[PDB]
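Before any comments, here is the structure.
Protein chains: 2
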Amino acid sequence: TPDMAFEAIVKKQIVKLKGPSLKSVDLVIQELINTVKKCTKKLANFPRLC
Amino acid sequence: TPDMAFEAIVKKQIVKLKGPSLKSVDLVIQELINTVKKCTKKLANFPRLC
Numbered sequence: 404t405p406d407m408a409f410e411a412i413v414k415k416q417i418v419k420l421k422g423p424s425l426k427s428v429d430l431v432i433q434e435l436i437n438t439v440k441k442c443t444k445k446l447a448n449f450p451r452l453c
Numbered sequence: 404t405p406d407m408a409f410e411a412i413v414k415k416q417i418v419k420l421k422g423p424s425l426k427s428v429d430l431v432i433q434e435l436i437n438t439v440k441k442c443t444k445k446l447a448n449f450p451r452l453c
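Heads up: the protein sequence lines correspond to chains C and A, in order.
Residue numbers for the first sequence, in the entry's author numbering: 404 to 453.
Residue numbers for the second sequence, in the entry's author numbering: 404 to 453.
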């Protein structure tokens, strides 16, 4: 049985993890940018600084 | 298990049949040339023809 056929199919499946993985980074970026905006409401009294 | 490893070894073995096979042709050539020389003893009476 083709050793390389196994590898061929797997490599297809592994590549499919790029989507949900990049998405994850974005979901983190979202929570991070939300948090810096949450914190900086305590500095709102200074418009140019915030 | 490597499908190609099997093929690799066999091809080696088949190649080894060229020797005994060519030798066989010569062994036939030998008996053939012997036979024309046997037959032509009946024509020995004519030196230039034989």
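Just so it is clear, CB atoms sit at the ideal spot from N, CA and C, and this is done for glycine as well.
First and last residue of the uninterrupted alpha helix (DSSP H) at residue i
i	result
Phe409 (chain C)	406-418
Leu435 (chain C)	421-442
9 Å Cβ cutoff met for residue i and residue j
i	j	result
residue 466 (chain A)	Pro405 (chain C)	In this structure chain A extends from 404 to 453, so residue 466 (chain A) is not present and cannot be described.
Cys453 (chain A)	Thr443 (chain A)	yes
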